[PDB]
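J.: Here it is, the structure, as structure tokens.
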Amino acid sequence: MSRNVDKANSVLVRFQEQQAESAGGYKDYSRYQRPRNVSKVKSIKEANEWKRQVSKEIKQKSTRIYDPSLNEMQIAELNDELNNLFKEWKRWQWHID
Amino acid sequence: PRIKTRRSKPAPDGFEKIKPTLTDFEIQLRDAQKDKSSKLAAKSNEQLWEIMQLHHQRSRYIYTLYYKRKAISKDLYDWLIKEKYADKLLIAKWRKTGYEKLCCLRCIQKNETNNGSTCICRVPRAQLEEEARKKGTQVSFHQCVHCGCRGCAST
Amino acid sequence: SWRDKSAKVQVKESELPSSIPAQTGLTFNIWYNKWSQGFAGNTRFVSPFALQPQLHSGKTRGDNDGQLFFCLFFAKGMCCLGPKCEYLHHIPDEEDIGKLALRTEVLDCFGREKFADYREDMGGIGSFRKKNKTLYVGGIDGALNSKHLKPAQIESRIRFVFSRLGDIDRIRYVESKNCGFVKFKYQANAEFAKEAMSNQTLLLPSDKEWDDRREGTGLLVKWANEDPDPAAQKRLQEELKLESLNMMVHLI
Amino acid sequence: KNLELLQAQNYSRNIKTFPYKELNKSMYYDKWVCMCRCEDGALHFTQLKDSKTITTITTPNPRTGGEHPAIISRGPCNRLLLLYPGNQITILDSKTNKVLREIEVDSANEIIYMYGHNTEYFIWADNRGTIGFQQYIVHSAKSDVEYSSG
Amino acid sequence: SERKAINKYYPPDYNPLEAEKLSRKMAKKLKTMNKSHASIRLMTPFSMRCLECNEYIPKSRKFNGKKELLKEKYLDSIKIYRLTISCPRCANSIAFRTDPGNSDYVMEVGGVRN
Amino acid sequence: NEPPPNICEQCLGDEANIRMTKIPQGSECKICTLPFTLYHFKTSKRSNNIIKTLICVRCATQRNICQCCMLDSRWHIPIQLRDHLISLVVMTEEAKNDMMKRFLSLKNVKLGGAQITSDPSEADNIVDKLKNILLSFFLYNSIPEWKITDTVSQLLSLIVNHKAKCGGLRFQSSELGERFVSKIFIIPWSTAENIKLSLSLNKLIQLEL
RNA sequence: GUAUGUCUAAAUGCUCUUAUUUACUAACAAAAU
Ligand SMILES: [Zn+2]
Ligand SMILES: [Zn+2]
Ligand SMILES: [Zn+2]
Ligand SMILES: [Zn+2]
Ligand SMILES: [Zn+2]
């Protein structure tokens, strides 16, 4: 399990995380992938967390896309990615509450 | 008390009479000796104070029966002393003049204190009160941080 | 009139004063009392208690002995010592302020060292360099559980909470910034107010979201970074001048 | 003609603990009656089905603010259903002390009934008569009633 | 605390099978582990030119690549891999495949061998 | 070697005997964050709460202040105020930086003004100069609410916006109000024209944002 | 000797597969009869 990722997703760590989730309510919304279809999330806190995560992602995307080699295609691709992120964020701002 | 290990003989004559009085104390002690999650410094201190008081009280009871009331045999008293029940030094202090009402020994360790003196408890309420009156303020101290002893003095 | 109003206080009994931390992290660090191996959680949670001062405020073990400093816990609204507390339980009156006005430079009305530099977030116990009586209120959205209220209503609510807590100089709610500036007469009073209203809900019993006030995040009450718009500045300057004049008079 | 005192304890009268049925090592059901004392961030539950056996189980209280569940009900396999204000339900394993699931029930009305020995689903009910299994809704909320129990 | 640590501490209740099951349940949800292009450190055997900016990355030069499994195996039961690299100057994704028929590699729309 | 503590007369107390303990490198000074000896005294034996020194002697010297009070050694005024007065007749800029503050502390220049305060010559002169220099109901028509409240009390919840200049006092009692009216700056119930105009303008301003 | 750095506003249970590993790390060391 060299290079840290393996360590992170080693069974023991996972178990610990699960335990934390069970007792006290420590989740790491960084750690899990954000769900595709909203309205399968009855809790508000979770939703908020997800929204926050997406915002963070968007910010990250923004930070990188103004790099100096602007003509490279990665940046262009991200522009679409950025849009997608924005859309997701908007969706997360649903009007149930 | 310590634990019996056939070192000293089980007990002298009149222990059966007093035992039920000083066995109430044990229960109290047990209640005291544990995690009262005090969550607060003052509260924590209070339990210690209570414990100290309890310790004092048993000794006083013993002392009272042996010296003042004199209803218990010398041998029995000696045995008690040998055991952890009574405090020997405390008893001695009590027996001496000016120390009869005495919360605990470490309230008269002059070495201990930051200012080279005894605990305030040892000041008779009278004097402190008088001082307060002279000043303008009301009665200043309630109980010391060693042991809860509102007006320990012999007065 | 706190003296003749009551003696007793007993705000939150020592059975239930507080649980110790709130689980961020995986493991609990014994030395810092803070959860470790992770940081996910906005952390600020609403006070379970509050200072309803008219009910609570009272004589203390401190009052009799001649304590200067007021009870932080009382302010927060959770002083389990109550009448046997050594710190004072009332809203800082003028006389009291006057009495501890010598010390009020170095340390707060709670008897705890004011710092030389402000905290970067203006978040707690103000600096001794800059005297202040002026509190930033914030997180009013969060403190009201995202309620669609009128700004005016919010302002009124703020006034109600803060007037009770101390002699007000002046208050401003702002729609654009989404905040509530308050200014007091006495720094001590301001400090007390801050202590009280840290992590407090602005909601009332009559509101429909009273039972879920705990689930939100409380008021973010902090110190005021001075207002830049010019009239205010001018006023401040004038005040300073007046103060200087007073000082001069005292001297001569 | 004779009675004896077996037990005295404090409890939390606002924690609604439903009596759970259970099958004997013989072939009938005993009603177990249950009481909950929520103190110092722990839950304490004194149960009995008769005068011969009184058990008390201790569990931590899952909520970080240490707030009390309104309703508590047993599920299969050491599952404990804990209903919290705002219609939030925590399933806790009573043997491991682990939090298994956190469910937010989708109802503006206060949940007033929650039972777990119905055995893949539990049943809950609104103060307006919404009844759901957890999932599906067998009955919708009425405007003209209020319930406090079930 | 020391790289050759014999036994990692477990909680007093740790049903290992159960734990494993739990992990599995929370592996589909997991971000890492449920993804492709897992990282790797590799030296470049081909010694090739980055097709965009013509940067002549020579033999044995070390990179933090991404190894990903190609689903279409060679023959039957011997896997082949895509091994992503970036050129030092321009950030163009070079990669290559390991077709083991010739005991060597194949370039994959990154650069050219020379 | 160590220099002595600079504690003022009002700081220290009113008595002819005080006992204090010195705690060498006790705490870091608040200004400089640099170890120094804490002196802490109890004033009167029995009077509660200690008075610990919060600053290093050097820093005190530089600012010319009580090591407890944080006030001018001479005039007993907050550093700002004392310095401000001097300026009126230049002020200190404490540099609020981890490293730089320490450096500043170690410098021995008497920062700004302190010199004047120290010397009988200079302080006195400054003082002289200063001397010379010296020698329900809505409410309409800036001043603080604590003054307004006081005024109301004298006359016997009190809302007042300043951008509006519109103070809606609510005693919530018909007795208090009817006493208030008889016992007596426009004050109706729930150059006049000019005033009205100004008020209107204020209202407009309030309402545009 | 398992490198590193920036980046952070405050669906539920179910089971079935194994005589393995898309395993990762190379700082460590390098010869014949
Ligand atoms: Zn004593
Ligand atoms: Zn004592
Ligand atoms: Zn004493
Ligand atoms: Zn208190
Ligand atoms: Zn002083």
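Counting neighbours? That spans all protein chains shown, and the Cβs are built from the backbone with ideal geometry, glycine included. Just so it is clear, none of the values below were taken in a lab; they were calculated from the coordinates.
J.: If we scan the stretch F:152-175, do we find a residue that is more than 10 Å from every other protein chain (Cβ to nearest Cβ), under 27 Å from the mean Cα position of the chain (by Cα), exposed (fewer than 12 other Cβ atoms within 10 Å of the Cβ) and not acidic (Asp, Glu)?
T.: The answer is yes, given that some residue of the stretch F:152-175 is more than 10 Å from every other protein chain (Cβ to nearest Cβ), under 27 Å from the mean Cα position of the chain (by Cα), exposed (fewer than 12 other Cβ atoms within 10 Å of the Cβ) and not acidic (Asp, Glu).
J.: Shifting gears a bit: Among the candidates B:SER59, B:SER73, B:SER117, which residue alone is in contact with a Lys or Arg (Cβ under 8 Å, 6 or more places away or on another chain), away from ligand 4 (no atom under 16 Å from the Cβ) and among the polar types (S, T, N, Q)?
T.: Unique residue meeting the criteria: B:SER117.
J.: Still on this structure, I have one more. Right, E:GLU52: at the interface with chain A (Cβ under 10 Å from one of its Cβ atoms) and within 22 Å of A:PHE15 (Cβ to Cβ) or not?
T.: The answer is no for E:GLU52.
J.: Of all residues in the stretch B:126-144, which are within 15 Å of ligand 2 (Cβ to nearest atom) and out of contact with any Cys (no Cβ under 9 Å at 6 or more places or on another chain)?
T.: B:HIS142
J.: Mind checking which residues of the stretch B:119-144 are within 14 Å of chain F (Cβ to nearest Cβ), in a loop (DSSP other than H, G, I, E, B) and more than 8 Å from ligand 3 (Cβ to nearest atom)?
T.: Within the stretch B:119-144, B:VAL123, B:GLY136, B:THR137, B:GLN138, B:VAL139, B:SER140, B:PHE141, B:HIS142 meet the criteria.
J.: For the stretch F:197-205, state whether one or more residues are of a type outside the set (A, V, I, L, M), within 14 Å of another protein chain (Cβ to nearest Cβ) and either part of a loop (DSSP other than H, G, I, E, B) or surrounded by 12 or more Cβ atoms within 10 Å (Cβ to Cβ) (or both).
T.: yes
J.: Let me ask another. Suppose we filter the stretch F:176-189 for residues that are assigned to a loop (DSSP other than H, G, I, E, B) and surrounded by 11 or more Cβ atoms within 10 Å (Cβ to Cβ); how many remain?
T.: Result for the stretch F:176-189: 1.
J.: Looking at D:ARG74 and the list (1) crowded, with 20+ Cβ neighbours inside 10 Å; (2) among the charged types (D, E, K, R); (3) closer than 24 Å to A:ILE96 by Cβ, which single condition is not satisfied?
T.: Answer for D:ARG74: the failing condition is (3).
J.: Going through the stretch B:90-104 one residue at a time, which ones are aliphatic (A, V, I, L, M) and within 15 Å of ligand 3 (Cβ to nearest atom)?
T.: Answer for the stretch B:90-104, where residues must be aliphatic (A, V, I, L, M) and within 15 Å of ligand 3 (Cβ to nearest atom): B:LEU90, B:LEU102.
J.: Cβ contacts < 9 Å: first residue over 24 Å from C:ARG119 (Cα atoms), restricted to the stretch C:223-252; second residue hydroxyl-bearing (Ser, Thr, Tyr), any location; separation 6+ or different chain. Result?
T.: Every condition considered, the pairs that remain are C:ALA231/F:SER142; C:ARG235/F:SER142.
J.: Now, a different point. Report yes if B:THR64 is assigned to a loop (DSSP other than H, G, I, E, B), of a type in the set (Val, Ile, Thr) and either in contact with a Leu (Cβ under 7 Å, 6 or more places away or on another chain) or more than 16 Å from ligand 3 (Cβ to nearest atom) (or both), otherwise no. Walk me through it before giving the result.
T.: Values: assigned to a loop (DSSP other than H, G, I, E, B): no; of a type in the set (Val, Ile, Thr): yes; either in contact with a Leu (Cβ under 7 Å, 6 or more places away or on another chain) or more than 16 Å from ligand 3 (Cβ to nearest atom) (or both): yes.
So B:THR64 fails the test.
J.: Right, another one. Mind telling me which of the residues B:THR113, B:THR97 ends up being away from ligand 5 (no atom under 16 Å from the Cβ), over 15 Å from the mean Cα position of the chain (by Cα), away from chain F (no Cβ under 14 Å) and among the polar types (S, T, N, Q)?
T.: The conditions single out B:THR97.
J.: Sort out which residues of the stretch C:93-110 are closer than 18 Å to F:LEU12 by Cβ and either within 11 Å of chain F (Cβ to nearest Cβ) or not charged (D, E, K, R) (or both), and write them in order of number. Spell out the reasoning first.
T.: Taking the stretch C:93-110 as the starting set, the residues that turn out to be closer than 18 Å to F:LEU12 by Cβ are C:99-107.
Hits for the stretch C:93-110 are C:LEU100, C:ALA101, C:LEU102, C:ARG103, C:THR104, C:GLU105, C:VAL106, C:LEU107.
J.: While we're looking at this one, here's another question. Kindly establish whether C:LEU242 is more than 16 Å from ligand 1 (Cβ to nearest atom) and either within 30 Å of D:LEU83 (Cβ to Cβ) or away from chain F (no Cβ under 14 Å) (or both).
T.: Here the answer is no, as C:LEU242 does not meet what is asked.
J.: Could you run through the stretch B:127-155 and say how many residues are within 16 Å of ligand 1 (Cβ to nearest atom) and either under 22 Å from the mean Cα position of the chain (by Cα) or not hydrophobic (A, V, I, L, M, F, W, C) (or both)?
T.: 17
J.: Among the helices (runs of 4 or more DSSP H) contained in the stretch F:105-162, which hold 1 or more residues that are in contact with a strand residue (DSSP E or B) (Cβ under 7 Å, 6 or more places away or on another chain)?
T.: F:114-118, F:145-155
J.: Residue by residue through the stretch B:105-118, note down the ones that are within 13 Å of ligand 3 (Cβ to nearest atom) and closer than 23 Å to F:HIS40 by Cα. It would help to see each step written out before you state the result.
T.: Taking the stretch B:105-118 and keeping what is within 13 Å of ligand 3 (Cβ to nearest atom), we get B:105-110, B:112-113, B:117-118.
Residues satisfying the conditions are B:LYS110, B:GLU112, B:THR113, B:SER117, B:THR118.
J.: Would it be correct to say that C:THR27 is of a type in the set (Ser, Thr, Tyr) and either within 14 Å of chain A (Cβ to nearest Cβ) or touching an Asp or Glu at 6+ places or on another chain (Cβ under 6 Å) (or both)?
T.: On the way: of a type in the set (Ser, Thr, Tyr): yes; either within 14 Å of chain A (Cβ to nearest Cβ) or touching an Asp or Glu at 6+ places or on another chain (Cβ under 6 Å) (or both): yes.
Taking the combined requirement at face value, the residue satisfies it.
J.: If you check B:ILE3, B:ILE81, B:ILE72, which single one turns out to be over 17 Å from the mean Cα position of the chain (by Cα) and surrounded by 15 or more Cβ atoms within 10 Å (Cβ to Cβ)?
T.: B:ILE72
J.: Here is a further query. Is it fair to say F:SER105 is touching a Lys or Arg at 6+ places or on another chain (Cβ under 6 Å) and either under 22 Å from F:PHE36 (Cα atoms) or within 16 Å of ligand 3 (Cβ to nearest atom) (or both)?
T.: yes
J.: Restricting attention to helices (runs of 4 or more DSSP H) lying wholly within chain A, give those where 1 or more residues are polar (S, T, N, Q) and buried (at least 17 other Cβ atoms within 10 Å of the Cβ). Walk me through it before giving the result.
T.: Working: elements: A:5-8, A:11-22, A:44-65, A:73-92.
Here the list reads A:11-22, A:44-65.
J.: Regarding C:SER156, is this residue away from every other protein chain (no Cβ under 13 Å) and surrounded by fewer than 22 Cβ atoms within 10 Å (Cβ to Cβ)?
T.: Values: away from every other protein chain (no Cβ under 13 Å): no; surrounded by fewer than 22 Cβ atoms within 10 Å (Cβ to Cβ): yes.
No.
J.: Sticking with this one: Answer with yes or no whether E:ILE85 is part of a loop (DSSP other than H, G, I, E, B) and more than 30 Å from A:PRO35 (Cβ to Cβ).
T.: no
J.: Let me ask something else about it. When the stretch C:41-65 is examined, which residues are found to be within 10 Å of another protein chain (Cβ to nearest Cβ) and either within 16 Å of ligand 3 (Cβ to nearest atom) or surrounded by fewer than 18 Cβ atoms within 10 Å (Cβ to Cβ) (or both)?
T.: C:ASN42, C:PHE45, C:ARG61, C:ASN64
J.: Now for a different question. Please list, ordered by first then second residue, the pairs with beta carbon atoms under 9 Å, 6 or more apart or interchain, first in the stretch F:121-138 and facing chain C (nearest Cβ under 10 Å), second exposed (fewer than 12 other Cβ atoms within 10 Å of the Cβ).
T.: F:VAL127/C:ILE252; F:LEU130/C:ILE252; F:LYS131/C:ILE252; F:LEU134/C:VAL249; F:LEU134/C:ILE252
J.: Now, a different point. Under the condition of being among the polar types (S, T, N, Q) and away from every other protein chain (no Cβ under 13 Å), which residue from the stretch E:55-87 is nearest to ligand 2 (Cβ to nearest atom)?
T.: This residue is E:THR84.
J.: Mind telling me which of the residues B:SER44, B:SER38 ends up being within 16 Å of ligand 4 (Cβ to nearest atom) and in contact with a helix residue (DSSP H, G or I) (Cβ under 6 Å, 6 or more places away or on another chain)?
T.: B:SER38 is the lone residue from the list that is within 16 Å of ligand 4 (Cβ to nearest atom) and in contact with a helix residue (DSSP H, G or I) (Cβ under 6 Å, 6 or more places away or on another chain).
J.: Tell me whether the stretch A:11-27 contains one or more residues that are away from chain D (no Cβ under 14 Å) and closer than 30 Å to A:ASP80 by Cα.
T.: No: the stretch A:11-27 contains no residue that is away from chain D (no Cβ under 14 Å) and closer than 30 Å to A:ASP80 by Cα.
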